[PDB]
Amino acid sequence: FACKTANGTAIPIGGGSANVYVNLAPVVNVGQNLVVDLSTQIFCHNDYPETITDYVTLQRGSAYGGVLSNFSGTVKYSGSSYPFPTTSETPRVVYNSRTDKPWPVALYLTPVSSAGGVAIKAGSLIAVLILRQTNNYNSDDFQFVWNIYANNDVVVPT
């Protein structure tokens, strides 16, 4: 089991960490959502699906920088919604093919009433999402740590 990002980098068997840059809507008002869909960027596969089933959860989602201070949010993982930052590990998604399949995670972030001006700075760390992988074969229990960075400034009009 390993993962990669689109035109990007890879995290190999056994886990590790990688940096991911996302495009964000440049202007977002109170009451609106920034939607950050990682399922178009992060892809994973099972290396021996004929005998092994891989189980994959969102172990934890954490907010940083402008997102931590200026937004509240929710995360959608494989069809279900949760608070973001997260309050517990999600249920598991099964990976049973050598063909790349998206990691089905999306953040929905909305400005708090005190956000104004530049609420997220270009290039800044905005979130960490930890993918936890196990299987039905041995004791493997691995973390794939995705550091999520803003590509551009996000302004909350005042």
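So that there is no doubt, residue numbering starts at 1 and follows the sequence shown. Each form is matched to the other, and the largest set of C-alpha atoms that superpose within 1.5 Å is called the rigid core.
The stretch that strays farther, by root mean square C-alpha distance over structures and residues in 6 other deposited structures of this protein after a rigid core fit, is 7-15, when 7-15 is set against 131-139. As listed in the deposited structure, the average C-alpha B-factor of 114-122 and of 128-136 is greater for 114-122. Comparing the deposited coordinates for 96-104 and 60-68, the stretch with the larger average C-alpha B-factor is 96-104. Take 33, 39, 46, 90 and read off each C-alpha B-factor from the entry; 33 has the highest. The PDB entry assigns residue 24 a C-alpha temperature factor belonging to the middle third of its chain's modelled residues.
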